[PDB]
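So the structure is just underneath, and the comments pick up after that.
Note that we place each Cβ from the backbone using ideal geometry, even for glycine, and neighbour counts take in every protein chain shown. Coordinate-derived values only; no laboratory data.
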Amino acid sequence: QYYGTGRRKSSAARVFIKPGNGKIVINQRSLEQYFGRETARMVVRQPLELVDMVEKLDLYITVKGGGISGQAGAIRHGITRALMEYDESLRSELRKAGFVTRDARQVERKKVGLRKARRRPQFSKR
Amino acid sequence: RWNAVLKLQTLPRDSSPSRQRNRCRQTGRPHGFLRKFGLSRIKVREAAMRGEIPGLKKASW
Amino acid sequence: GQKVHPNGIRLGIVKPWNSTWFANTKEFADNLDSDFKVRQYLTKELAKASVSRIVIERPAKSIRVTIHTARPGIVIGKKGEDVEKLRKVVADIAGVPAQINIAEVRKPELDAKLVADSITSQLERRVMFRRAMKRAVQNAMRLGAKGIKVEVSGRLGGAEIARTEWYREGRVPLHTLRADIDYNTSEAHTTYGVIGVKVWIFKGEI
Amino acid sequence: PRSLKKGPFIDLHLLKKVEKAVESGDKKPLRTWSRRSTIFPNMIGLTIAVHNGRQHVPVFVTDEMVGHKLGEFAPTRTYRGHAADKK
Amino acid sequence: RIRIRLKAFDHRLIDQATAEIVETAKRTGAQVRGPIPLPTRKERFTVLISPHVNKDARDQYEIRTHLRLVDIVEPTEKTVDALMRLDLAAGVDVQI
RNA sequence: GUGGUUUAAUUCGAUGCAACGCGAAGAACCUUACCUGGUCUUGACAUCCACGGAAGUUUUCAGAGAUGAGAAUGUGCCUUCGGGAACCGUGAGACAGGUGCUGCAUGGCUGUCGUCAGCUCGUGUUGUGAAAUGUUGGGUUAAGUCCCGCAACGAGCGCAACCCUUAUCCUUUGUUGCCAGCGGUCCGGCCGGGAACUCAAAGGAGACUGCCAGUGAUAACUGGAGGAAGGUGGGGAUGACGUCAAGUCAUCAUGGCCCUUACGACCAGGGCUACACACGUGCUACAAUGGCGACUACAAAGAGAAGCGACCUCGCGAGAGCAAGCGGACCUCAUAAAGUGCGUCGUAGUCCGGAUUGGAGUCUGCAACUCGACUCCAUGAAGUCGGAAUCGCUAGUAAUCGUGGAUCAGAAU
């Protein structure tokens with residue numbers, strides 16, 4: 001068995017890799033069940049595709065907080081870092097994609113004097 | 001009333017000396033007073049702003 | 001157009017505060033008001049002495065008050081007489097038993113707060129400023145330092161129209177939040193009008 | 001150009017008793033001389049009698065009456081209204 | 001086995017007193033589990049620097065309350081005698 | 001908010017953009033500066049002198065208040081040889097004050113083109129000179145970006161970088177976290193226990209166009225690999241030589257000018273919330289990712305003494321009546337909203353949408369008719385994406401929903 005945390009926005013999804021069929025359990029619920037009807041649910045199992053696992057590995061995820069998206073990206077990183085423990089050599093390839101990495105873009109209150117707390121109020125052509 | 005302000009009467013009625021309450025000195029409000037100054041909550045403020053109360057100062061932040 | 005106060009922008013770095021004391025929500029006011037009230041007299045009664053600063057520290061119910069003067073001789077008075085007068089008269093302001101120190105300042109030329117007074121003083125009288133500044137800037141540069149700049153707006157030379165003299169030497173990076181540049185500001189009363197004096201003293205990078 | 005800010009004038013006498021009857025509800029009609037006082041909540045439901053200069057008239061205080069002076073509900077003069085005085 | 005938590009506002013006056021309590025106990029008593037920093041609860045206030053205009057100012061202030069552990073085990077008669085007597089720190093609140 | 005109109009008068013300033021919840025970051029006597037009426041004084045505030053009783057406290061009469069009148073408890077302290085410091089009151093003398101005008105007299109601070117961006121200097125050369133050249137010409141580039149030729153050669157601010165928040169990782173620490181791992185478990189980390197993980201804090205590591213292909217004199221541009229992110233990865237604070245003689249002398253400071261029984265002071269009462277019309281700026285107006293009904297799972301930063309207010313009871317209620325606890329990283333404000341699971345609906349004015357209105361009623365507040373919040377009870381429209389026009393936005397962003405805080409006794413769309 002191997003463990004993989006996984007961070008993103010404000011969600012934490014622990015990943016427990018266990019050699020088996022290929023089914024995963026998201027909060028005592030199947031993958032399709034939890035992430036029911038969501039084109040993004042696929043990106044969650046992307047890291048398992050590169051190194052080609054899934055059909056060889058069974059996972060047990062435990063996420064909490066944030067939204068499905070943040071969870072999807074959370075489980076991802078968790079699975080990626082979890083694959084590292086199984087075989088460090090996987091890093092050389094898995095890393096290439098960019099799964100062994102979280103992400104900022106953490107929502108921030110729209111700063112005043114601006115609009116997106118990021119974009120400043122442009123000026124009408126000089 | 002000038003009658004209600006019977007507190008001024010040193011000698012209380014049938015009740016023991018404990019009958020004597022307080023009564024404000026400026027307005028005469030028995031509701032909320034301040035023993036130290038003997039003035040009501042509405043007088044201690046008006047007297048504070050005027051500065052007539054020595055040593056007293058408005059707390060800031 | 002202006003530039004953020006140097007002393008106030010580098011407070012987080014190399015530039016201590018004028019008063020350092022623990023927190024106190026309900027007493028934060030009284031103390032400050034007291035710290036500002038004590039400066040009032042320390043800014044006048046201690047004029048002729050080149051008052052650079054007036055650090056302040058407040059324990060439980062006391063205060064040190066360390067006034068840094070160029071010539072403590074006048075601050076101390078004859079065989080220590082003025083200091084006794086101050087500590088007493090100041091006590092009237094706040095019943096709280098206050099202390100008093102007179103740490104001198106080695107060569108005022110390095111202290112901006114003093115370089116400003118030297119300029120205004122000459123201006124208050126009647127003398128070519130370009131000379132005063134050219135000299136002051138030279139003094140602070142002579143004694144050492146790495147940079148120095150002086151400025152004076154108002155009606156220079158009693159001219160009808162207001163002007164702003166410049167001149168400077170060395171390096172005076174105001175943008176470099178680290179330079180640790182000692183700033184100053186000395187007013188100046190005159191028959192033709194008021195005039196402010198600004199001098200910058202850059203000493204060391206760190 | 002009315003004005004009261006935060007300093008309403010309520011004769012300290014007609015204000016202390018009106019509060020005394022608050023111990024347990026209200027008290028029967030009372031009588032006051034100084035009409036300069038202003039009507040307020042505590043005097044709701046009670047029946048204060050203002051002095052018109054000759055006698056005391058019962059003025060049933062109401063929430064809608066709050067704010068106005070007792071003297072406003074106590075007519076000084078007396079106009080018979082020489083007529084069928086209807087409505 | 002006596003735990004001594006030292007809390008205060010000033011960071012320096014703590015290191016002075018804390019180190020003292022240790023050194024003095026390093027002789028008579030054990031070597032102590034060593035004085036650690038521990039988490040410090042902080043309170044910050046964001047108020048505008050300038051009084052007029054400049055809403056984007058608001059400098060940052062903070063009143064920290066540092067803590068310590070020390071913890072002196074295997075206490076001896078003299079181990080305490082070197083504590084009850086010497087006590088300099090004034091802004092430090094001891095808790096034995 | 002303003003013009004107009006009106007009124008005895010409902011203060012003043014601001015006014016195309018750089019006026020109009022703008023200064024009042026909070027006007028029901030105070031603040032106000034307005035008005036009628038009554039009334040005082042060295043007096044609301046500063047310094048000082050002489051003087052009999054003099055510090056101080058508590059009451060009475062009259063009154064709208066103010067004010068006036070009047071009555072009664074009584075000194076330590078610096079020294080006795082004589083006195084004498086202090087505060088205070090009266091009489092008397094010398095004197096105070098002003099947001100009252102002018103920021104085209106000004107300092108300071110700030111806004112604006114601008115955070116846009118270049119702006120300048122030394123020397124040589126050209127002109128009698130004010131100045132010009134230097135930054136012209138050819139090819140090129142996002143750019144004076146860089147060469148070739150070249151009266152020009154170099155240099156200092158601006159940009160950029162330096163700081164901080166949000167990510168990659170690492171080191172230090174952990175009563176935040178978690179059977180990740182084991183044990184107990186009222187199975188609530190709760191506990192034992194341990195620091196991996198999350199998180200908290202500090203420091204440090206990382207892109208520099210270095211590598212590959214194309215173009216080019218070069219810079220650099222374009223494509224590509226590697227890479228967590230790249231050509232200032234995403235953002236704050238910050239706004240130059242100088243402009244408009246920009247805003248403010250009611251934040252403050254300041255030159256000049258202008259008032260001292262009054263354009264000073266106290267107090268009661270009457271408002272700032274007048275119209276036949278005209279205008280500017282805004283809010284309410286009309287579902288079905290939007291929302292609604294139920295259920296359920298996560299955050300951070302702050303606040304609380306008469307105040308935050310658990311819980312109970314009345315109300316499809318606000319909030320009451322009652323009332324525990326904390327004084328607060330141990331009680332409360334709190335429910336985080338959304339999400340997650342389920343259901344309703346698909347354009348029919350149909351419990352969809354909730355305006356408007358009637359009745360009842362609690363409360364904050366000395367008051368809430370004009371100015372309230374909320375909601376019990378009933379009514380329940382405009383709509384099925386709405387005339388001429390017009391505004392914000394590009395990835396977790398738009399639109400949309402809810403919460404906290406600064407100002408603050410208290411009305412914060």
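Just to verify a result, which residue in region D:39-69, among those that are out of contact with any strand residue (DSSP E or B) (no Cβ under 9 Å at 6 or more places or on another chain) and under 16 Å from D:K16 (Cα atoms), is surrounded by the fewest Cβ atoms within 10 Å (Cβ to Cβ)? Filtering region D:39-69 for residues that are out of contact with any strand residue (DSSP E or B) (no Cβ under 9 Å at 6 or more places or on another chain) and under 16 Å from D:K16 (Cα atoms), the one surrounded by the fewest Cβ atoms within 10 Å (Cβ to Cβ) comes out as D:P41. Taking C:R10 as the residue in question, decide whether it is of a type in the set (K, R), closer than 23 Å to C:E187 by Cβ, away from chain B (no Cβ under 14 Å) and buried (at least 18 other Cβ atoms within 10 Å of the Cβ). In short, no. A:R105 meets the conditions (1) exposed (fewer than 12 other Cβ atoms within 10 Å of the Cβ); (2) more than 13 Å from A:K9 (Cα to Cα) in every case but one. The failed one is (2).
The single condition from (1) of a type in the set (D, E, K, R); (2) in contact (Cβ under 8 Å) with a residue 12 or more places away in the chain; (3) in a loop (DSSP other than H, G, I, E, B) that C:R106 fails is (2). State the number of residues belonging to region D:13-39 that are away from chain B (no Cβ under 14 Å) and either assigned to a helix (DSSP H, G or I) or of a type in the set (A, V, I, L, M, F, W, C) (or both). Qualifying residue count for the region: 1. Which count do you get for residues in region C:170-180 that are more than 8 Å from RNA strand F (Cβ to nearest atom) and over 21 Å from the mean Cα position of the chain (by Cα)? Matching residues across region C:170-180 total 1. Only one of the numbered conditions (1) surrounded by 12 or more Cβ atoms within 10 Å (Cβ to Cβ); (2) more than 8 Å from RNA strand F (Cβ to nearest atom); (3) in contact (Cβ under 8 Å) with a residue 40 or more places away in the chain; (4) more than 20 Å from the chain's Cα centre (by Cα) is not met by C:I206, and that is (1). Of the numbered conditions (1) in contact with a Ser or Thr (Cβ under 7 Å, 6 or more places away or on another chain); (2) within 11 Å of another protein chain (Cβ to nearest Cβ); (3) β-branched (V, I, T), E:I49 fails exactly one; give the number of that condition. E:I49 satisfies all of (1) in contact with a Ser or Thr (Cβ under 7 Å, 6 or more places away or on another chain); (2) within 11 Å of another protein chain (Cβ to nearest Cβ); (3) β-branched (V, I, T) except (1). Every listed requirement among (1) within 14 Å of chain C (Cβ to nearest Cβ); (2) touching a helix residue (DSSP H, G or I) at 6+ places or on another chain (Cβ under 6 Å) is met by B:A59 save one, (2). Scanning region B:7-40 for residues that are surrounded by 13 or more Cβ atoms within 10 Å (Cβ to Cβ), away from every other protein chain (no Cβ under 13 Å) and out of contact with any strand residue (DSSP E or B) (no Cβ under 7 Å at 6 or more places or on another chain) yields B:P12, B:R19, B:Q20, B:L34, B:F37, B:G38. Which residues, counting only those in region E:17-35, are polar (S, T, N, Q) and exposed (fewer than 13 other Cβ atoms within 10 Å of the Cβ)? Result: E:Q31, single match. Scanning region A:113-126 for residues that are surrounded by 10 or more Cβ atoms within 10 Å (Cβ to Cβ) and within 14 Å of chain E (Cβ to nearest Cβ) yields A:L114, A:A117, A:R120. Exactly one residue out of E:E43, E:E23 is within 13 Å of chain C (Cβ to nearest Cβ) and either near RNA strand F (Cβ under 7 Å from one of its atoms) or within 30 Å of E:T79 (Cα to Cα) (or both), and it is E:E43. Residues that are within 11 Å of RNA strand F (Cβ to nearest atom) and more than 20 Å from the chain's Cα centre (by Cα) within region C:126-155 comprise C:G154, C:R155, listed in sequence order. Note on region D:40-69: residues that are farther than 21 Å from D:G25 by Cα, part of a strand (DSSP E or B) and more than 7 Å from RNA strand F (Cβ to nearest atom) total 4. Where residues in region E:56-96 are near RNA strand F (Cβ under 10 Å from one of its atoms) and under 15 Å from E:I4 (Cα atoms), which of them is nearest to the other protein chains (Cβ to nearest Cβ)? By that ranking, first place goes to E:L67. If the condition is being in contact (Cβ under 8 Å) with a residue 12 or more places away in the chain, assigned to a helix (DSSP H, G or I) and either over 19 Å from E:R33 (Cβ atoms) or among the β-branched types (V, I, T) (or both), then region E:79-96 contributes E:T79, E:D81.
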